[PDB]
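Per-chain residue numbering starts at 1, and chain names A, B, C, D and E are given in the order in which the chains are listed.
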């Protein structure tokens, strides 16, 4: 029973229990909480390695023989930041533990058995995390998909029909016809998709068809008329059809104020976008909504993290979203009374306190579809700087905080739109949407994006070279991104109603197709870690944001992690 | 003699009894079954002869077997013996309670719980409230029932009780005799705090704003303690 | 946050952590290791109880709404002896934990949500355990089924075709024709069934058809000719078809001795019956086989536990099994040189040491089909008496020992015949074959036997009475035991081959039908708790049984628990 | 003709099969027993010896519904199942009916609140199905005033209206006097004998999980078995105040004593009150026809199945039972189901 | 009293017995059933009281009915009475052998076989062979078992036994105590003489040439008496 030194061990199998990893260049320190291996029996593939016939690979596999093994993987998920082997079978997470060959290994469950049929993927040294799920996508251009994908985003929930104004302003694919188109278009892409409908309508009839037509929910956007009527109608139908509903509060306050909007929501579940304010909504309050139970708070994107140039930026954007032509009087008045450095500031803090739960993007509409994950982390690193560790933190690490910022674009959005059963976290049973992160580039530049248990895109080099490592090394589409293969590795979400009515056959969808569920039964308390409720106020004058009594405001930054250190642009 | 399956059931039981009696007779400590039967079988005949009453047999059965008659454990086992027999007035349920006693030290499946106390509803800041039954009939409210919506007779501050349940053992309840006045203990409802049903007062999320409505409706519906309508501003949904 | 006294609490919800329960009248003490409830939120059904509209029962259930809840159940399974709510949905264990109504309860997963559709079954105070699985059934008469069922046995694996001699001697349903009959007959019963084939044949062809014909495995019986040839042939085909194989060693030693038999098994997986010896086999050694890795040791039944009258009993039996007519010379010589009080004794000890792993019955062929579970426990209680607690035991209880004797007729036999995936233990995902045990009558007289998530038979009283409690109180068939219902609640196991060839349709089976798997990849080490290997010997003279060196022999008993205290006969 | 079999009936009394409609499907053994009584149709809810069933006649959810309907196949006795009216979730309330349920049941143990009560009622309307109820005893939500107010005048079949069977203490029985109500009597509290009251004290325990010990429990269980309400019952049954005679099989009622008691209770009343004003000629025909339709035509109507069964009238299903005068009301000669001896 | 179908079985039997005893009491010769029951029923009680042992009851049952008690024929009929009862140590099988006797001349289904002897295996030239058990364990060989392939312990001339079976009554066998030495009788196997199985030595047609192989394999496999490999010429199939 010889013994080796961690020094070695780690370079061999990766950080084990008690060890700590630095997320990218941020001051966020992760610590391996647990490890499922059996020191001396760990899986290694290569020349004369372990994963070989009769050895680590059973010649008498279990009738569950894995399709693919990700050896020695450091798992950072809302369920823990531990170590272990991740197994994949039939496009799903078949098992998470030891695994190898029961014929020669002490603790290998038929769940994680390695056989002639299972491929080997090294993971030691890397950090495996579930794919992100940006849920505030404005389907303006099909080019976002790929970009977002390169981020660490496997699922995109939004509304829209291309570079059309209605779409440029709101994430809504209006009507069942336009719905058909996108669902049919979706077939093309490598990235789970779900579309939202126009909640903006006080016509129950017209409101139900879109859901029966594939929509996983509704969206109430200011540009379409976010009135209490619309708001109420949408909400009710949403209940009947067990589907989610997003909202972009009535800024101009024409119909009323948040008081009214909240009164309309009648306590029903509601996923709020750019809650903070800059993204749009009831000026100035709104952000105060993120403190209520029935609300699913979400942060936009640009106003995160808080840097010296943030405020100086937004002034424009409004124009290129609400058709706020840079000239008109009425326009050039509110657009200015919305980008409050106040609300913008507290945000970060609110995100730290668990006041906010999701981190959208708003792709091409006041948000970077490729900067969700990155920012979520910066914003974390930042907060740590200014506030230090957290009270809930245990041990010399930031695990708890990590697991908070992480589930902000993984498990929390998945729940927000009833798809937490299939995706959103590295847990056995769910769809194998995983991404391997090389510690140094965590939160910004992922190694590979495996979709539905099979590589869809990864960092690839000189296709002509003698090895995959040599430059140019950018992201290149992978097999599960082509042919019929794509069809097998992706899921286009829709509603039960549609699912049952056979929307799949109806529209000849070849893509996998599942229905969204459990969307009306959830509340703020259903948000992992970020489940904090707390009556907040906002001074109409100073605009200062108060919570429970105390005042919350982060300090603007002059530099951020995960930036210029990694991209030539 | 049209024999009902019910009758056969008994004819069988009866002899199950005869064996029983016939065994101890020969001097043998009766076991679980044997006791049970015997006891039961007795009542059946007693009801037949039409002499003793239900009330009586219910008691007299406790005098059929001495703690030295049965085996060690039997006593503890037979918590009670239920048996319906046909009395001249009709079939009746003679329930014989604890017919024998712990004349032994053995007790099958006995419980060795570890002394100490369990704290119900951990950290849940309770609150007392005056509650008087101004109605002619009694009222038992339960553990997880939205107190605020209790019978429109329990006069008290509904307002102070919005979204709360009698801080007591999960399951049990509190009784109010017409007239009786007390101060119940009631913690906030946990979970997502989604009140739906009961008296139709909330049917939403326990909100300080949803509250306004509940308080308003209870006023119109007549629940004592439901404050008053100080120029109520109606909402777009309620 | 008031506080109550255990005294109360328990009588209200049942033994909680730290509390200990006495199994029946035995000196076996169980201790609640863990509890998933939330003191103050526990589930209770009744008059003004908790399980009621909008309260503990959600008016907004999850799209997983449970079919049935077994509230406050003390779970005694090889996976732990803890406390919690057991949920059932679609004839399966949907969840094991808290559960109730997320609208009013702190920790209820949609896994265990209670809704208008979920029935309520009280369990507080009772001990819930998976159904037993007798695997040495001689299908002599259909009347055993019901009896075994009343025991706490939900699954019966054996061979046979009724009161015919071949069956009276061996558990084998010979040929595919006879196979048809039984499978077709099985339809009738309320008790999962699986049949074994005649391993006794050196005709590969003839050996493969029976499996393709529904058999979940083979059986090599002495009366049919357990020769190394047969033994080898059977074994190989068994490998090819991933099915289990049982054996009844060559007693007369005509072909050879265990040396030879073991040599034949060639290390392959083999489930041995009445390993001890009295049940039959290579005199006197055999029992020594239970110490080898590749072997799946199993104990018969009568020779357990060891009482003063055991030996005095067997002398006969042999006659009524091997057609050993009480007269012939050659017969009246070995029948006497097989019932060794020696091997019989060590057995119990071997069972305690984990030397033995399964406790069969041999229904109507030297074994009581209704006394498997009972004896398994007596034998435990006994051993504790004479040897006291166990070294592996922790805390003031016999949990470990319990979990050992328990998995002897649950998880270990299930694995023995590749059906551990569906049944054999109270774990989420498996078939809901459960039985509620009233502590006082544990190990002998169960309250009710629920098959496939629905009551099939339970203690019932005077059907005419005003309540179900009043005598006569014996076992009465329940709804899931009748109509088409039975079909939905039972599983007749067969092989993949057959499963794939469509044996179900082939034979018009209406019963659920699953295939057995992972039978060749298992070994002694695959036996829960009872996974101990150890070179054992047996003196040809004294017949004394030795293990690792030391000698093992239990002392005969003059009285046993779980007996005359409970049955009028 | 050559094709018609002959069955003698001269000397016997032929009557339609009884229809017990308050069956708690606790154990399949009741069926046969009830059958031996003169009961061809059993309407109730439940899923076997499970607590929910032991307390209420409700087969919850469409899944459990499947099971029982599938199980029913086994038996010789028309069957119909009730659903959990106890839910303020319209959606969840409609599926059970679409799933085979002939109606709903609102039981105290599940939470008979005005909300549930209202919801159940409305859906029941939409789907033209019957609804039973077991009034809110503890009066927690309110009193009969409220419950009746909830029923909003809609049709409602009330169980153990009298009280002992369960419900709004003490009033409830008063409900049997309203138009929109379908009054029904339990079983044990009928007829009224010296031992009745002495009996019930227990039962409550073995139905509402009223563990014989707890304080709150050992208070109402006593304030429910009123020798008062129990008494008037019989009379109410004579006056036509009550209309149906259930059983509550294995839950405070003898599944094999519905018909018998219904008759005793009649014989009794005659004793103490003599014939009836509506009676004509030297006989008790009218009274007979009253007590009879209490377990035949009246329950059949109560659950919309009077077209097929419930009375010896041309066109309906041939569920008949021949009674040998001497054993009338207790021991029938034969039970023919669907025109053929069963 | 959760009554197991097993228990009812007995409760029924018991009274089957009571009737029995109650009949002879009134002075009536017991018949097959009546005897059987009675005998059985007795043991059941005896086991109950927990006094007598299995070994004993097994014997004492033979003292329950005198040859003058039962009817003529009964005695011969009851070859034996098997009955399991629950002893304090657990259920046990009390097998009561021939409880009564031929005090009568009648014997139902009696056999009138015609004296004389049957010749086993007609015209089948037998052969004797020395056979000693050089092993520590006993060995019983059967009627139709290829002797040549018997346990690798019975030392003898396998060669002389190729394709033959112990010339004895079809079914029976021969026993060899460790050490014991005898000369068995063994005729050739009839039929097509197709040996397949056993110890895998032949698995073909009993040929003088197939023999070579068997003899060779047994040599390598270690069966005593399996001559030796005098430069064995291998064949193309074996």
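Keep in mind that, in the parts below, a residue touches a chain if its C-beta (ideal position, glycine included) is under 8 Å from a C-beta of that chain, and two chains touch if they have at least 3 such contacts.
Colleague: Taking touch as defined above, what minimum step count separates chain B and chain C?
Modeller: Shortest path length, in steps: 1.
Colleague: For the chain pairs A-B and C-E, which is connected through the larger number of C-beta pairs in contact?
Modeller: More contacting C-beta pairs are found at C-E.
Colleague: Quick one: most central chain, C-alpha centroids?
Modeller: Looking at where each chain's C-alpha mean falls, the closest to the middle is C.
Colleague: Mind checking the centre-to-centre distance between chain A and chain C? Centres are C-alpha means, answer in whole Å.
Modeller: 47
Colleague: Where the centres are mean C-alpha positions, what is the separation of chain B from chain E, in Å?
Modeller: 63
Colleague: Using mean C-alpha positions as chain centres, tell me how far chain A is from chain D in Å, no decimals.
Modeller: So the centre of chain A lies 57 Å away from the centre of chain D.
Colleague: Would you mind pulling out the distance in Å between where the CA atoms of chain B average out and where those of chain D do?
Modeller: 24
Colleague: If you look at chain C, which of its residues touch at least two other chains?
Modeller: Each of 44, 46, 48-49, 52-55, 59-61, 102-103, 441, 463-467, 469, 471-473, 564, 567-568 in chain C touches at least two other chains.
Colleague: Give the residues of chain E that touch two or more other chains, as numbers and ranges in rising order.
Modeller: Within chain E, the residues that touch at least two other chains are 1, 3, 7-8, 11, 14, 48, 50.
Colleague: What part of chain D is in contact with chain B in the complex they form?
Modeller: 29, 32-33, 36, 87-89, 111, 113-116, 118, 137-143, 146, 169-171, 188, 191, 193-196, 198-199, 202-203, 206, 214, 216, 219-220, 223, 254, 256-257, 261, 264, 327, 331-333
Colleague: Inside the complex, what are the residues of chain B that reach chain A?
Modeller: The touching residues are 191-194, 204-207, 209-210, 235-238.
Colleague: Which of the residues in chain A end up touching chain B in this complex?
Modeller: Contact set of chain A toward chain B: 228-229, 232, 260, 262-264, 266-268, 292-294, 521-523, 525-526.
Colleague: Taking the touch rule as given, give the residues of chain C at its contact with chain A in the complex, in rising order.
Modeller: 58, 60-64, 102-103, 110, 242, 517-518, 520-521
Colleague: Which stretch or stretches of chain E touch chain C in the complex?
Modeller: For this pair, the touching residues of chain E are 1-11, 14, 44, 48, 50, 53-55, 58, 82, 85-93, 95, 135-142, 145, 149-153, 172-175, 178, 196-200, 203.
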